[PDB]
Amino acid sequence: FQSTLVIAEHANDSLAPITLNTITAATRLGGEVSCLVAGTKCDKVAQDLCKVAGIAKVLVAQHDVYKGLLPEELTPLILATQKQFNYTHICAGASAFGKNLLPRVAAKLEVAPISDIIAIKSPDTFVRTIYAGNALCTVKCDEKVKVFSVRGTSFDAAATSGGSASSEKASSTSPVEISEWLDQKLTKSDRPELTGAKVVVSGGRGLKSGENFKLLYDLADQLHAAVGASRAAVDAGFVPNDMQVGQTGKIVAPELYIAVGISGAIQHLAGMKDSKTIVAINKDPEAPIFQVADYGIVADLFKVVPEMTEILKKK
């Protein structure tokens, strides 16, 4: 009998879509699935999770101590929950939230955790990537508790209706107060969130300027796509860091990924190489990107992109 606790990711009273993919991973274990919602405002998220397919039990921890989801505060909450209900597995999507939290929890449980898994073969056996996605590592975990984060793009989202989980309040915990959340600066736009987007358009160093990046926003607009970036584009100031795709940025697996003026370095390929259809727009026929692109045009992006945008305005 496996019993899994999924830590819900949410911000601004909205459930992060990656928790839904994480619930799916959790169903691979054939047992009971619980979901813990900790935060300052948890009613809508909790209510919503009680309609998600695959969840038996929702646990709700509403307290002001959880403002900004500090892992110094969440970890005791999770250890208290584990003590009471003795899960075999604790997991979360391998977002920044999940990458931040789970290894601390594993430390406190004194177990070796597993990162960014792409498959569950059995309750103790997991597949993950290493060397920037260039090798598949199959790991066996004999720990009393298996603590793991899940590659969101490797598992389908659980339906947001049809669930009938129970809801119960969790153990409130005493303020640790060794960290404090001060503020945030979020990049906000009309665009879909990069990691769940069906279509991504990405620019690299070939765009030469932040002003030129508007060409990619205009193209993305016609496709209702998110816009990603290479490290070169971020470093040269073209776009904010949070739109970086790759080993050190976001992993994305859209239906369509269009790589504009991006060479295709190993570290960029780490974050998009499982995209269903890869298109390259690049003037260099030796660009490594062309060795994974389903469709490629060797041409000047300053011609191709505006053209594509005009064609797409019609049909």
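Start at 1 with the first residue shown and count on from there.
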property	result
Higher-scoring stretch by recorded Cα B factor average, 259-267 or 64-72	64-72
173-181 set against 74-82, stretch whose average Cα temperature factor tops the other in the entry	173-181
Top residue by Cα temperature factor, when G203, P240, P103, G93 are compared in the entry	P240
Residue of maximum C-alpha B factor among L219, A236, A119, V199, per deposited coordinates	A236
Relative C-alpha B-factor of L215, binned into the chain's lowest, middle or highest third	middle
Record-listed C-alpha B factor of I55: chain third	middle
Chain-wide C-alpha B factor ranking for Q247, given as lowest, middle or highest third	highest
Cα B factor band for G162 (lowest, middle or highest third within the chain)	highest
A232 CA temperature factor, ranked by third within the chain	middle
